[PDB]
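Residue numbering for the sequence shown follows the authors' numbering, beginning at 1 and increasing consecutively.
Have a look at the structure below before the remarks.
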Amino acid sequence: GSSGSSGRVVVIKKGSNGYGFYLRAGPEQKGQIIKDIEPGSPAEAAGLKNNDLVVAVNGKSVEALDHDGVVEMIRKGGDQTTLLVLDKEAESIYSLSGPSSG
């Protein structure tokens, strides 16, 4: 079973206003976080989800790339592209720095 379980597979196809999902540089964790999902968009109709951490794109390791890197791969998929996000362990813990003040 080449493809494991830890990580769902999404599928989208460029429609009108692009795909319907943005990306941002997440914390230490590897991968890109999704957000600002557009309604009735190929991204929302695909099964995406806000705060979705992507580790691979079209069977490629992007968790090692940067905003541009990952975002680039997508532009390569052409019309449609597959996304690999984690569900069981998607949330990311935030460090604790900066004690009360003023």
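Don't be surprised by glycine CBs; every beta carbon is placed ideally from N, CA and C.
Contacts around residue i, its chain only, beta-carbon distance under 7 Å, and the 5 residues preceding and following it disregarded
i	result
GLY69	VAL62
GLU44	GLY20, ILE37, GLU38
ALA64	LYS30
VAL9	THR82, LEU84
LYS35	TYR22, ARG24, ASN50, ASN51
Beta carbon of residue i nearer than 7 Å to that of residue j
i	j	result
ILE37	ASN51	no
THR81	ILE74	yes
Separation of residue j from residue i, as counted between CA atoms
i	j	result
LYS60	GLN29	17 Å
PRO42	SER95	34 Å
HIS67	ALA25	6 Å
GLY40	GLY20	8 Å
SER3	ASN17	31 Å
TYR22	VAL71	9 Å
residue 112	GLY98	Outside the shown range of the chain (1 to 102) lies residue 112, about which nothing can therefore be said.
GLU91	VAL11	21 Å
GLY102	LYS49	37 Å
Buried versus exposed, by CB contacts within 10 Å (16 or more), residue i
i	result
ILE93	exposed
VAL57	buried
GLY31	buried
Beta-carbon contacts of residue i that lie in its chain and below 8 Å, excluding the five residues immediately before and after
i	result
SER6	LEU86, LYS88, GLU89
residue 128	This structure gives no information on residue 128, because the portion of the chain shown stretches from 1 to 102.
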